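Enquirer: Just dropping this structure here.
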Amino acid sequence: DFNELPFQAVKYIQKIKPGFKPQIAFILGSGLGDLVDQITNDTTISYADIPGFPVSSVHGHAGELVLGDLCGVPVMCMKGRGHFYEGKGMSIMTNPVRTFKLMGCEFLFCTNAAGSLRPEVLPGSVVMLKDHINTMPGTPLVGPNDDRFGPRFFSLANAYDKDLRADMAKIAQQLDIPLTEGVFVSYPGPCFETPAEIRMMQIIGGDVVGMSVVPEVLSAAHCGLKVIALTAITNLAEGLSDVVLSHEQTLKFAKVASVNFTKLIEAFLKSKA
Amino acid sequence: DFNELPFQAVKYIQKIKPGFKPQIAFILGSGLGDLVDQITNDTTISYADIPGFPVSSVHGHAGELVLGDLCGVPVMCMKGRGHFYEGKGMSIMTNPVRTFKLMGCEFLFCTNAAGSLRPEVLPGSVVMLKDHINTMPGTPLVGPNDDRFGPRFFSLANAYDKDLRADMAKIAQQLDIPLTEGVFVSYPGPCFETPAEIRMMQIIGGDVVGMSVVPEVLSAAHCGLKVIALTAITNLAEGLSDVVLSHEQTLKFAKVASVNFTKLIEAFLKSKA
Amino acid sequence: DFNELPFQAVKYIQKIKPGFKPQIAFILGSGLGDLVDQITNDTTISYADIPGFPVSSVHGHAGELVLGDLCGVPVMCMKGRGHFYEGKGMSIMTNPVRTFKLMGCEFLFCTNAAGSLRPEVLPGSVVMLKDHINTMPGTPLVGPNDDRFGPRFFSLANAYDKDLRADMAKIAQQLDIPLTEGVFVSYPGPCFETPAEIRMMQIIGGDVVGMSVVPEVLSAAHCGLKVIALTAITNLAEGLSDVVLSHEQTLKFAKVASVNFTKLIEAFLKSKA
Ligand SMILES: O=c1[nH]c(=O)c2nc[nH]c2[nH]1
Ligand SMILES: O=c1[nH]c(=O)c2nc[nH]c2[nH]1
Ligand SMILES: O=c1[nH]c(=O)c2nc[nH]c2[nH]1
Ligand SMILES: [Cl-]
Ligand SMILES: [Cl-]
Ligand SMILES: [Cl-]
């Protein structure tokens with residue numbers, strides 16, 4: 001029955017907001033939740049009410065899907081995501097991503113907060129992801145394949161769509177907002193990484209490290225939903241500075257990064273309208 | 001009851017083909033399924049009918065065990081394997097390998113199709129595996145130990161038997177068929193690897209990358225079944241060429257590689273008869 | 001109900017030994033089990049009788065908790081641990097560690113036997129751990145967070161307490177016992193590592209490799225229990241010598257290492273009394 005959930009999600013969403021045809025899906029991580037306040041003609045749906053969507057174990061911290069118009073683009077925005085560290089496995093974002101796909105989104109704009117493995121890319125920066133290295137155990141597609149959504153095996157050669165990256169690089173350049181491209185390393189968490197793990201990630205070629213992104217990106221590649229993913233850098237990774245990592249610390253720099261992050265998103269959306 | 005399955009498999013196989021005493025076990029991966037057509041005095045058993053053997057989730061694509069004589073050697077050939085990405089865990093090949101052991105095979109000849117991490121080892125090549133690096137989560141032997149089959153802890157120093165490798169290297173040299181030796185890196189799949197993951201695998205010392213081999217090889221080391229393993233290279237690994245990876249692409253070069261792969265297997269078997 | 005087990009463990013332990021107020025917790029791995037013989041005013045409790053404590057699958061090899069006075073310090077010593085390879089997941093040491101915490105221990109002294117990734121650190125040596133790289137799948141804290149014990153996210157910057165390391169380095173220097181500091185790499189097991197895996201671990205910056213430590217250390221960091229961890233080197237890691245790895249081989253050098261290991265522990269305890 002897990003496999004049917006996106007079809008039920010679609011029927012539910014279509015009944016709540018008849019007529020609505022989203023063009024772009026968003027996943028809103030730390031610092032970017034507030035972007036939903038800018039959506040007009042909006043409808044908000046609790047994840048508790050949408051089949052297959054993640055429900056947090058923390059009382060009062062369940063996410064919401066916001067549907068509406070943003071900068072001339074019809075969007076469906078997940079305010080909140082599920083993570084591998086929640087204990088529901090790597091497939092925790094597969095049904096939501098398939099729901100974006102079936103709703104007709106042309107692509108997914110994934111956002112998250114994370115640490116920089118490069119000392120010269122500082123807290124408060126935004127980075128555009130160009131590839132990943134997965135260190136979470138397994139992948140979301142382990143298990144029987146649902147061929148309704150995609151093939152048993154699939155290439156990750158364009159997992160972070162090349163043309164969307166070129167589109168956004170042009171926007172950043174127009175805005176004079178620095179936007180490096182980096183390789184994302186996933187980590188299971190929910191502890192932050194040790195300093196030795198961070199040095200390992202540098203050795204194997206990582207630029208950014210975090211606890212999300214990979215599950216939803218792999219689920220998207222499987223069902224052929226294009227992805228662009230940008231990250232708010234909230235700290236240099238463990239061992240690279242003397243800052244104490246904590247969710248409070250994360251949220252501090254996520255707020256900072258959100259100022260330019262929002263300018264990039266708005267200009268990008270206006271360019272797609 | 002999972003632990004008893006090989007004893008039931010043996011009783012079943014012995015009833016279907018009384019008298020048969022296999023000398024060598026094979027696991028036949030992509031391109032090498034057709035080798036079963038060369039077996040004489042053959043009996044074929046659907047995996048569905050053998051306790052503990054893997055049954056695919058894909059309608060009509062269940063494997064078969066073929067018992068008979070090949071080039072003067074009594075063999076038992078698994079046409080098809082189970083993989084970690086099927087979602088039954090790392091132990092999906094443990095009962096079949098224990099079945100080879102209890103049936104009396106002197107060793108296991110493992111075959112698979114995979115990508116080359118070395119640009120100079122080209123698609124259509126055959127490589128002999130000499131060691132592995134496991135990146136799948138856990139190992140097949142996680143869980144209580146079945147001491148009927150092997151010890152709680154076990155060395156992997158000769159996981160790809162040294163003397164069998166020397167035997168096969170002599171065969172390849174006699175035949176003038178190039179046969180490099182390589183370190184195999186396992187990957188969970190069922191996505192292919194990203195280009196950054198491939199560079200990571202090069203950095204850590206890999207030569208070949210694929211989605212099988214390790215589970216059955218670790219299960220074999222535990223129960224003391226010797227292993228020789230050869231791989232058909234079906235592509236350079238992701239990012240090392242501009243080919244699009246897909247199962248169709250795999251099968252294309254598996255057919256090519258199978259020509260020399262079969263010559264090596266036949267000469268090797270004649271040398272053991 | 002898993003989450004309540006440490007509270008039940010505490011009530012049970014307090015009833016069996018009313019009044020007892022441990023200052024330091026120990027986990028006793030290979031070669032160091034015998035240290036419990038030196039505890040006075042001792043009480044011994046089978047793990048079978050303590051809620052949440054690990055019970056081995058091997059008949060007759062269940063561990064025991066020993067409570068008493070050692071070198072002027074009230075201690076609670078786990079003689080035996082649970083491991084990831086037992087198949088109960090990464091959380092197999094979480095309840096025992098939380099039990100140490102609730103009992104009031106000021107820190108945990110973790111001990112284990114393991115392989116050296118450095119050829120110049122020889123079998124029979126003792127190493128003090130300063131950091132780790134986890135290669136086991138996931139972490140003990142994957143799943144809903146029990147905020148009674150610690151936060152959803154947590155830093156590993158001081159996972160091997162810096163001041164305890166300085167304390168012990170002074171002891172080793174006073175005793176003229178060599179004590180290098182090393183990065184520990186965890187491995188799922190229960191196979192030992194391949195030679196290629198060992199070279200990978202050297203490449204990524206490891207100094208010592210073993211099948212425990214990480215689960216209990218991460219559980220301790222989550223609930224804020226300070227850790228000092230020392231390792232008995234029982235072999236150079238696979239491929240670095242011609243010794244055959246086996247539990248028998250491990251136990252051989254664990255006995256050797258235990259002589260200086262015990263001197264270090266005794267002097268360290270006297271310094272804390
Ligand atoms: O895994 C992570 N590592 C970090 O450094 C970080 N910062 C924010 N979020 C993060 N996640
Ligand atoms: O994991 C894999 N990587 C590849 O490049 C490949 N080619 C065939 N089969 C393969 N499996
Ligand atoms: O994973 C391990 N690797 C080893 O070399 C070793 N020696 C003792 N115990 C060990 N565990
Ligand atoms: Cl985030
Ligand atoms: Cl194959
Ligand atoms: Cl130990």
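Each chain in the structure tokens gets a letter, A, B and so on, in the order shown; residues start at 1 in every chain, and ligands are counted from 1 in the order they appear.
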Got a sec to pull out which chain C residues are within 9 Å of chain B, counting only C-alpha atoms, and send them as a PyMOL selection string?
Expert: chain C and resi 56-58+84-88+135-138+187-201+203-204+238-239+244-247
Enquirer: Please run DSSP on the backbone and report, as a count of residues only, all residues within range 42-258 of chain C that come out as strand (DSSP E).
Expert: 58
Enquirer: Counting only C-alpha atoms, which of A:29, A:63, A:215, A:96 gets nearest to residue 7 in chain A?
Expert: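 Closest candidate: A:96.
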Enquirer: Using all C-alpha atoms paired in order, least-squares fit chain B onto chain A and give me the moved copy as a short mmCIF file (atom, residue, chain, number, x, y, z; two decimals) with C-alpha atoms, in the first residue's frame.
Expert:
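Here's the written file result37.cif:
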data_model
loop_
_atom_site.label_atom_id
_atom_site.label_comp_id
_atom_site.auth_asym_id
_atom_site.auth_seq_id
_atom_site.Cartn_x
_atom_site.Cartn_y
_atom_site.Cartn_z
CA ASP B 1 0.00 0.00 0.00
CA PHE B 2 3.00 2.33 0.41
CA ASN B 3 3.31 2.32 -3.37
CA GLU B 4 -0.21 3.67 -3.94
CA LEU B 5 0.18 6.67 -1.67
CA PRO B 6 1.17 9.22 -4.36
CA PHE B 7 -1.98 8.48 -6.37
CA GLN B 8 -4.03 9.08 -3.20
CA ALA B 9 -2.01 12.24 -2.47
CA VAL B 10 -2.80 13.56 -5.96
CA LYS B 11 -6.53 12.85 -5.62
CA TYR B 12 -6.55 14.61 -2.24
CA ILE B 13 -4.61 17.65 -3.42
CA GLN B 14 -6.77 17.94 -6.56
CA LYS B 15 -9.96 17.92 -4.44
CA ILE B 16 -8.66 20.59 -2.02
CA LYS B 17 -7.49 22.90 -4.78
CA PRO B 18 -9.35 22.04 -8.01
CA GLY B 19 -7.78 23.46 -11.12
CA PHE B 20 -4.33 24.06 -9.68
CA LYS B 21 -1.49 23.08 -12.05
CA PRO B 22 1.94 23.47 -10.38
CA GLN B 23 4.94 24.23 -12.61
CA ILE B 24 7.75 23.91 -10.00
CA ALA B 25 8.00 21.94 -6.79
CA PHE B 26 10.04 23.17 -3.83
CA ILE B 27 11.39 21.49 -0.74
CA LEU B 28 12.02 24.24 1.85
CA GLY B 29 14.68 23.48 4.45
CA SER B 30 16.07 25.67 7.27
CA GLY B 31 15.78 29.46 6.82
CA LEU B 32 13.57 29.14 3.79
CA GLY B 33 10.28 28.11 5.40
CA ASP B 34 9.19 31.77 5.33
CA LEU B 35 9.13 31.87 1.54
CA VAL B 36 5.61 30.42 1.78
CA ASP B 37 4.47 33.75 3.22
CA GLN B 38 5.11 35.25 -0.26
CA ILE B 39 2.80 32.80 -2.10
CA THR B 40 -0.52 34.32 -3.22
CA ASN B 41 -3.81 32.56 -3.88
CA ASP B 42 -2.42 30.04 -1.44
CA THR B 43 -3.77 26.85 0.04
CA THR B 44 -2.00 25.15 2.95
CA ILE B 45 -2.31 21.45 3.73
CA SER B 46 -0.94 19.72 6.84
CA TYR B 47 1.30 16.76 6.02
CA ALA B 48 -0.80 14.72 8.48
CA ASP B 49 -3.66 14.99 5.97
CA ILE B 50 -1.74 14.02 2.81
CA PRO B 51 -1.23 10.32 2.15
CA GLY B 52 2.44 9.39 2.14
CA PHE B 53 3.82 12.69 3.44
CA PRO B 54 6.22 12.66 6.40
CA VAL B 55 4.92 13.23 9.94
CA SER B 56 7.54 14.29 12.49
CA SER B 57 7.81 12.55 15.84
CA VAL B 58 8.11 15.93 17.55
CA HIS B 59 4.75 17.17 18.87
CA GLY B 60 3.77 20.40 17.08
CA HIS B 61 6.48 20.32 14.41
CA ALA B 62 4.62 18.64 11.54
CA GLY B 63 5.20 20.16 8.08
CA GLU B 64 2.81 21.63 5.55
CA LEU B 65 2.39 21.74 1.79
CA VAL B 66 1.66 25.25 0.40
CA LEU B 67 0.13 25.59 -3.06
CA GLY B 68 -0.15 28.90 -4.87
CA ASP B 69 1.51 31.48 -7.10
CA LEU B 70 5.03 32.74 -6.41
CA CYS B 71 6.60 35.41 -8.66
CA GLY B 72 4.33 34.47 -11.55
CA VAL B 73 4.89 30.69 -11.21
CA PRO B 74 2.40 28.15 -9.86
CA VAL B 75 4.33 26.24 -7.17
CA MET B 76 3.87 23.46 -4.64
CA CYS B 77 6.14 23.92 -1.68
CA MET B 78 6.96 21.37 0.97
CA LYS B 79 7.60 23.37 4.14
CA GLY B 80 9.58 20.67 5.91
CA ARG B 81 11.05 17.34 4.75
CA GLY B 82 11.58 13.82 6.05
CA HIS B 83 15.11 12.66 6.81
CA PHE B 84 16.83 9.32 6.96
CA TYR B 85 17.65 9.96 10.66
CA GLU B 86 13.92 9.82 11.47
CA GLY B 87 14.07 6.02 11.21
CA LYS B 88 11.59 5.40 8.41
CA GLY B 89 14.32 4.40 6.01
CA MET B 90 15.78 5.97 2.88
CA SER B 91 12.39 5.99 1.12
CA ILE B 92 10.93 8.70 3.42
CA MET B 93 10.95 11.26 0.56
CA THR B 94 9.99 8.92 -2.29
CA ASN B 95 6.22 9.33 -2.13
CA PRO B 96 6.36 13.14 -1.85
CA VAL B 97 8.72 13.32 -4.86
CA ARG B 98 6.47 11.01 -6.88
CA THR B 99 3.56 13.26 -5.91
CA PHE B 100 5.36 16.29 -7.39
CA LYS B 101 5.91 14.20 -10.53
CA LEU B 102 2.29 13.08 -10.91
CA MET B 103 1.04 16.64 -10.19
CA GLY B 104 2.91 17.71 -13.34
CA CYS B 105 5.85 19.76 -11.95
CA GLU B 106 8.55 20.39 -14.64
CA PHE B 107 11.21 20.11 -11.95
CA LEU B 108 12.02 20.08 -8.24
CA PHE B 109 13.91 22.94 -6.53
CA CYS B 110 15.48 21.34 -3.51
CA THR B 111 16.86 23.49 -0.66
CA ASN B 112 18.71 22.61 2.53
CA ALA B 113 21.14 23.91 5.14
CA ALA B 114 24.57 22.26 5.46
CA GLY B 115 28.22 22.54 6.32
CA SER B 116 31.03 23.61 4.00
CA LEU B 117 33.99 21.28 3.46
CA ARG B 118 35.85 24.20 1.82
CA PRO B 119 37.33 26.79 4.23
CA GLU B 120 37.01 29.50 1.59
CA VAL B 121 33.22 29.00 1.23
CA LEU B 122 32.01 30.74 4.39
CA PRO B 123 28.95 30.49 6.67
CA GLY B 124 26.02 32.40 5.16
CA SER B 125 27.06 31.49 1.58
CA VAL B 126 24.77 29.72 -0.92
CA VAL B 127 26.13 26.81 -2.98
CA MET B 128 24.57 25.11 -6.01
CA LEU B 129 24.90 21.33 -5.91
CA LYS B 130 26.29 19.61 -9.02
CA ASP B 131 26.72 16.02 -7.82
CA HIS B 132 26.70 13.95 -4.62
CA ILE B 133 28.42 11.18 -2.76
CA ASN B 134 26.02 9.09 -0.73
CA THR B 135 27.23 7.78 2.66
CA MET B 136 23.78 6.98 4.03
CA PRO B 137 23.14 3.20 4.04
CA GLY B 138 21.47 1.96 0.87
CA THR B 139 19.25 4.02 -1.41
CA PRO B 140 15.53 4.87 -1.52
CA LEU B 141 14.96 2.43 -4.38
CA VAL B 142 16.18 -0.71 -2.57
CA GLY B 143 13.21 -3.10 -2.67
CA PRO B 144 10.92 -4.26 -5.46
CA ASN B 145 10.77 -1.72 -8.25
CA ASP B 146 7.51 0.17 -8.92
CA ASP B 147 7.77 0.34 -12.73
CA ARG B 148 4.80 2.76 -12.77
CA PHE B 149 7.30 5.40 -11.64
CA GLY B 150 10.62 4.36 -13.15
CA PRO B 151 13.02 1.61 -14.26
CA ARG B 152 14.78 -0.96 -12.09
CA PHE B 153 18.18 0.64 -12.86
CA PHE B 154 18.89 4.29 -13.61
CA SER B 155 21.69 6.69 -14.44
CA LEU B 156 22.69 9.49 -12.07
CA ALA B 157 24.73 11.32 -14.76
CA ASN B 158 22.32 14.27 -14.77
CA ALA B 159 20.95 13.96 -11.20
CA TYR B 160 21.46 17.75 -10.74
CA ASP B 161 20.14 18.93 -14.09
CA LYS B 162 22.87 20.61 -16.14
CA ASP B 163 20.64 23.13 -17.94
CA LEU B 164 18.91 24.27 -14.73
CA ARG B 165 22.38 24.82 -13.20
CA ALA B 166 23.34 26.96 -16.20
CA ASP B 167 20.06 28.89 -15.88
CA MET B 168 20.71 29.64 -12.19
CA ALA B 169 24.37 30.51 -12.70
CA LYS B 170 23.23 33.22 -15.13
CA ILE B 171 20.79 34.54 -12.50
CA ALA B 172 23.47 34.62 -9.80
CA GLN B 173 25.84 36.45 -12.14
CA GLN B 174 23.11 39.02 -13.05
CA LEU B 175 22.49 39.59 -9.34
CA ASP B 176 26.18 39.67 -8.37
CA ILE B 177 25.57 36.97 -5.79
CA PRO B 178 28.48 34.50 -5.42
CA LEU B 179 27.31 30.95 -6.17
CA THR B 180 29.94 28.21 -6.23
CA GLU B 181 29.04 24.70 -7.46
CA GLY B 182 29.88 21.83 -5.11
CA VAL B 183 29.69 18.09 -4.56
CA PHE B 184 27.30 17.26 -1.72
CA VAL B 185 28.19 14.45 0.74
CA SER B 186 25.26 12.93 2.59
CA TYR B 187 25.65 11.69 6.17
CA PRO B 188 23.12 9.65 8.18
CA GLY B 189 23.18 11.82 11.35
CA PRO B 190 21.54 12.87 13.51
CA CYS B 191 24.90 13.52 15.23
CA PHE B 192 26.97 16.01 13.33
CA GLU B 193 30.18 14.56 11.79
CA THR B 194 33.44 14.00 13.65
CA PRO B 195 36.49 16.02 12.60
CA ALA B 196 38.08 12.82 11.15
CA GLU B 197 34.90 12.09 9.14
CA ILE B 198 35.09 15.60 7.76
CA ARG B 199 38.74 15.13 6.69
CA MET B 200 37.67 11.82 5.04
CA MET B 201 34.98 13.70 3.12
CA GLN B 202 37.53 16.21 1.90
CA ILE B 203 39.85 13.39 0.82
CA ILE B 204 37.12 11.68 -1.23
CA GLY B 205 36.21 14.94 -3.05
CA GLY B 206 33.27 16.47 -1.16
CA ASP B 207 32.50 20.20 -0.96
CA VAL B 208 29.36 20.35 1.22
CA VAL B 209 28.04 17.92 3.88
CA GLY B 210 24.51 17.41 5.22
CA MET B 211 21.79 15.01 6.40
CA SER B 212 19.23 15.35 3.56
CA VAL B 213 19.15 15.95 -0.24
CA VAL B 214 20.26 12.49 -1.38
CA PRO B 215 17.04 10.58 -0.62
CA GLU B 216 14.79 13.00 -2.52
CA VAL B 217 17.34 13.50 -5.33
CA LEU B 218 17.68 9.73 -5.93
CA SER B 219 13.87 9.37 -5.82
CA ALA B 220 13.59 12.16 -8.38
CA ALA B 221 16.16 10.62 -10.71
CA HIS B 222 14.23 7.32 -10.60
CA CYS B 223 10.92 8.88 -11.69
CA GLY B 224 12.59 11.30 -14.12
CA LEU B 225 11.81 14.51 -12.23
CA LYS B 226 14.55 17.05 -12.98
CA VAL B 227 16.31 18.61 -9.97
CA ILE B 228 18.04 21.83 -9.10
CA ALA B 229 19.41 21.92 -5.54
CA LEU B 230 20.94 24.85 -3.60
CA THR B 231 22.29 24.78 -0.06
CA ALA B 232 22.58 27.44 2.62
CA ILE B 233 26.03 27.05 4.26
CA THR B 234 25.49 27.43 8.01
CA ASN B 235 28.99 26.61 9.27
CA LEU B 236 32.32 25.32 8.17
CA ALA B 237 32.22 21.54 8.74
CA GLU B 238 33.36 20.05 12.04
CA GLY B 239 37.02 20.65 12.82
CA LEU B 240 37.44 23.47 10.30
CA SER B 241 36.59 26.20 12.83
CA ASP B 242 36.04 26.64 16.56
CA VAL B 243 32.28 27.12 16.32
CA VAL B 244 30.12 24.62 18.29
CA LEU B 245 27.71 22.89 15.92
CA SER B 246 24.08 22.76 17.06
CA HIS B 247 20.68 23.23 15.49
CA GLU B 248 20.63 26.74 17.08
CA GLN B 249 23.90 27.56 15.31
CA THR B 250 22.52 26.17 12.02
CA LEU B 251 19.44 28.34 12.27
CA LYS B 252 21.52 31.45 12.94
CA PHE B 253 23.33 31.30 9.60
CA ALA B 254 20.37 29.86 7.73
CA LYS B 255 18.62 33.19 8.44
CA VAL B 256 21.63 35.09 7.02
CA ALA B 257 21.95 32.89 3.92
CA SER B 258 18.22 33.22 3.33
CA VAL B 259 18.50 36.85 2.21
CA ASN B 260 20.54 36.12 -0.93
CA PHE B 261 18.95 32.66 -1.27
CA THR B 262 15.54 34.33 -1.59
CA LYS B 263 16.81 36.88 -4.14
CA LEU B 264 18.17 34.02 -6.26
CA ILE B 265 14.93 32.06 -6.03
CA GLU B 266 12.75 35.08 -6.88
CA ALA B 267 14.83 36.10 -9.93
CA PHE B 268 15.00 32.48 -11.10
CA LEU B 269 11.22 32.15 -10.82
CA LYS B 270 10.60 35.43 -12.67
CA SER B 271 12.85 34.11 -15.43
CA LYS B 272 10.69 30.95 -15.71
CA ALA B 273 7.28 32.63 -15.53
#
